[PDB]
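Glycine gets a Cβ as well: all are built from the backbone with ideal geometry, and neighbour counts include every protein chain shown. Where a number appears in this text, it was derived from the coordinates with a stated rule and is not lab data.
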């Protein structure tokens with residue numbers, strides 16, 4: 001499983 | 001035992 | 001992911017906290033527009049708190065007996081009156097930091113954020129539930145009276161609690177902002193005791209949904225139950241009876257996870273009868289009941 | 001009395017939180033004086049995130065590619081630079097709400113408050129400990145990157161953490177405010193794992209002292225152990241060894257309660273070997289390790 005960078009989406 | 005009112009001392 | 005006891009951001013309330021001193025007695029006040037609200041026992045000496053008559057005690061006071069301090073600035077008290085267990089001190093300056101606000105009374109089983117303060121200075125913030133027996137399990141020392149509890153919705157602070165006192169069992173009691181006590185308590189240093197508490201069933205179910213959303217699924221099972229059969233078990237374990245309204249309120253979490261409410265009730269029945277057999281749920285070895293369904297949705301969906 | 005996981009009041013931090021957007025990628029920034037600090041992966045598109053070359057991605061950006069919003073006010077970016085894993089966006093306006101502040105780097109075992117934010121707007125506050133394996137067990141969703149961790153001392157905000165990402169186990173990783181990761185992690189969407197975690201022994205002892213101050217005494221006993229005999233049990237139960245500095249830090253609580261540190265260690269040893277026998281301590285059926293000695297003193301005394 002991979003790390004999730006936790007920026008969002010606009 | 002009694003309730004303690006929780007004001008403080010100046 | 002993750003799930004924590006999470007308070008509302010406290011900035012809007014910090015701007016309202018002041019210190020109120022009468023004689024050698026001091027505590028916190030809430031400064032909104034040109035009124036400071038505070039617990040009325042600020043007008044007591046230690047000798048007065050066993051059997052005070054607050055009407056008499058306030059008649060014996062004048063405006064100048066109230067020293068009100070916002071930071072370093074002394075506020076001049078131009079009027080004073082009593083409303084139930086709260087004093088209203090009219091001051092000559094309206095608070096420029098007054099947020100949009102409401103005075104609301106909350107229901108047992110609901111949660112709120114406490115801004116603990118001492119000498120008019122905020123010290124920390126934490127979440128509390130109003131227990132079914134109308135106490136709260138807070139963290140309060142001498143000097144904390146007048147700290148307030150609140151929820152925030154959009155820009156509006158809904159004040160629901162003002163802290164007054166600690167019961168001999170170590171739990172806490174206070175009023176709404178109209179000075180009416182939560183629970184069968186009075187502001188005097190007498191022997192008092194709360195009724196027997198119960199566990200908030202709908203909140204335990206909400207937290208189990210939180211756990212599933214976060215990947216804890218070991219307590220799930222294929223069984224289901226009826227509302228009446230569950231409540232039979234709930235009554236044996238000192239849980240609050242579950243109502244159709246509670247089921248309705250859990251609807252969104254049920255839909256999101258795909259676990260029917262009465263299926264999750266079957267899981268709860270199992271946990272009540274067997275325990276967790278050395279396992280944990282969301283880091284806890286006990287069933288947590290101080291998260292409402294709204295608290296779960298707020299945090300697992302990122303409401304601002 | 002009572003004892004609660006308690007965060008610092010968040011007002012001074014709320015007034016620093018802004019939104020930073022690059023393309024369709026958005027997160028939170030920290031606005032202090034005329035600089036906005038944010039995680040550098042705001043310059044990643046979705047396709048960039050598996051193997052970004054941040055130097056390349058940044059050289060192709062100019063100031064106007066960074067949209068910074070403080071509430072409804074858009075701040076004009078007049079300069080940018082990369083420091084480790086954070087971006088520094090110079091803006092044309094100094095934050096008039098900048099508190100007195102420091103950038104600090106904390107060590108595993110210490111605690112801090114997190115102001116979780118989305119789209120530049122504060123959402124909630126909770127208390128965290130930095131784990132021995134440098135992760136934190138937070139509560140963070142997509143959009144939460146750039147949320148900060150902090151402590152407050154005499155109206156000075158010590159910023160110690162900026163949030164970046166979530167590991168596959170559901171725990172969280174981030175940097176100090178100079179962009180240096182806590183722990184052996186990098187900001188890309190690869191398979192990464194923290195080291196094996198341990199329990200913060202000095203914090204467990206601090207919380208047992210809190211329990212005593214609050215009237216929970218049932219776990220006390222007549223025994224006293226040695227620092228070495230205890231550490232043998234500690235290593236057996238995946239607890240960090242107790243240092244002399246730890247014993248010294250516990251001094252104020254030992255003196256307040258009149259229970260010597262090594263007297264308390266014998267309680268901890270009994271609890272690790274036998275469990276709680278259906279009982280609770282401060283409302284918990286597990287041994288709690290996310291309260292430091294300072295946290296206990298701050299809450300059980302004064303303010």
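Starting from the Cα gyration tensor of segment C:176-304, take the square roots of the eigenvalues, sort them a ≥ b ≥ c, and report rounded, prolate or oblate (rounded when a/c is under 1.5, otherwise prolate if a/b is larger than b/c, else oblate). Prolate, because a/c is 1.5 or more and a/b exceeds b/c. Angle, helix C:261-274 long axis vs. longest principal axis of chain C, Cα atoms, 0 to 90°, nearest 10? Between helix and principal axis, roughly 90 degrees. Kirkwood radius, chain C, all distinct C-alpha pairs, inverse of mean reciprocal distance: 20.9 Å. In terms of packing, defined here as the mean over residues of other Cβ atoms within 10 angstrom, the peptides C:37-44, C:289-296, D:247-254, C:240-247 line up highest first as C:37-44, C:289-296, D:247-254, C:240-247.
Taken residue by residue and averaged, Cβ atoms of other chains lying within 10 Å of the Cβ of C:140-147 number 5. When peptides D:150-162, C:96-108 are sorted by average Cβ neighbour count within 10 Å, with the highest value leading, the order is D:150-162, C:96-108. Peptide C:196-208 shows a mean partner chain C-beta count of 0 within 10 Å per residue C-beta. Take C:209-215, D:80-86 and order them by the average number of nearby Cβ atoms within 10 Å per residue, most first; the result is C:209-215, D:80-86.
Entry note, chain C: relative contact order of 17 percent, from Cα contacts under 8 Å with a spacing of 6+ residues. Adding -39500 (n - 2.57) for every DSSP H run of four residues or longer, then dividing by how many residues chain C holds, sets the calculated 222 nm ellipticity at -6500 deg cm²/dmol.
If you sort the three axes of the alpha carbon gyration tensor as a ≥ b ≥ c, you get a/c of 1.5 or more for segment D:90-173 and a/b no higher than b/c, which makes it oblate.
Computed over the alpha-carbon atoms, segment C:18-149 gives an Rg to Rh ratio of 0.96, Rh here being the Kirkwood radius from the mean inverse distance. Centre-to-centre separation between the Cα atoms of segment D:1-64 and those of segment C:215-242: 43 Å. Counting Cβ atoms of other protein chains within 10 Å of each residue's Cβ and taking the mean over peptide D:166-174 gives 4.
Rounded, prolate or oblate, given the Cα gyration tensor of the protein assembly as shown, with a/c below 1.5 counting as rounded? Rounded is the answer for the protein assembly as shown, as its axis ratio a/c remains below 1.5.
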